[PDB]
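Methodologically, a virtual Cβ is constructed for each residue, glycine included, from the backbone with ideal geometry; neighbour enumeration extends over all protein chains shown. Taken together, the values in this text are just the output of simple stated rules run on the coordinates, not laboratory data.
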C-alpha cells in the first residue's frame with residue numbers, strides 16, 4: 001500500500017531556504033514559508049496541505 | 001497543577017476542579033539570534049466565561 | 001584591557017599600544033519591561049582607519065525578524081574559487097567568461 005496524495009495538496013520540493021527562525025508570540029519558532037502564497041507559518045499546526 | 005481530561009470527563013458532578021491559567025502578558029521575549037526550540041505548547045481545556 | 005589616555009599622551013613614540021574594541025552586533029536586547037539602569041557607556045579613543053581589515057566573515061547567526069542581520073559579512077567569492085593550477089605552476093582563479 002502507498003497512500004495516494006489527497007486532492008488539495010500542493011507539491012513542494014524540500015529546501016533549506018523554506019525553513020527559518022522567526023518571532024511568533026515571544027518564541028523563536030521554525031517558520032515555513034509556503035512557496036506559492038509566500039505566507040509564513042511558524043506553527044506545525046495550521047499549515048497548508 | 002494540571003487537570004487531566006480523563007478526570008474532567010469522569011468525575012462525579014459536584015466535584016470542584018481547580019484549573020490554572022497563565023497570564024502571558026509579562027512573558028519574556030526570546031533573544032533575536034537564539035535558535036528556535038522544538039515543541040508547541042497546547043491547551044485542551046478552556047473557560048466558557050470570563 | 002583598558003588604555004588610559006594618560007599613557008596614550010605620555011608614552012614615548014614607538015610604544016605599541018593594544019586597544020580593544022567591542023563588536024556590538026550580537027549584544028543582547030533588554031527585556032521590554034525591565035527598568036532602565038543608571039549610567040552611560042563612553043569611548044574616548046578611536047581609530048582613524050578601518051580596524052577589521054582581516055575580517056572574512058561576521059555575525060554567523062540568524063535574526064528572528066529580518067532576513068539577514070545588519071552588518072553580517074559573507075565570505076568573498078575568492079576564498080572559495082579553487083581555480084586551476086596552470087601549466088606554469090602559477091595558481092589561477094576560474095575564468096570569468098568563456099575563452
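Under 25 °C and 0.890 mPa s, how fast does chain B diffuse according to Stokes-Einstein, given a Kirkwood radius computed over C-alpha pairs? Answer in µm²/s, whole number.
Details: Rh = 14.5 Å.
The calculation lands on 170 µm²/s.
Among the residues of B:33-44, the average count of other protein chain beta-carbon atoms within 10 Å of the residue beta-carbon is 5.
Okay, helix-only estimate at 222 nm for chain C: each DSSP H run of n ≥ 4 adds -39500 (n - 2.57), divide by all residues, round to 500 deg cm²/dmol; what do you get?
On the way: 1 runs with 6 residues, N = 99.
Mean residue ellipticity, 222 nm, calculated: -1500 deg cm²/dmol.
Between region C:40-90 and region A:4-49, the C-alpha centres lie 31 angstrom from each other.
At an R0 of 45 angstrom, the distance between the Cβ atoms of residue B:37 and residue C:78 translates into a FRET efficiency of 0.75. Simple spin-label estimate for residue C:49 and residue C:23 gives 2.0 nm between the two label positions (7 Å along the Cα-to-Cβ direction from each Cα). Averaging the sequence gap over all C-alpha pairs within less than 8 Å and six or more residues apart, then dividing by the number of residues, gives chain C a relative contact order of 16 percent.
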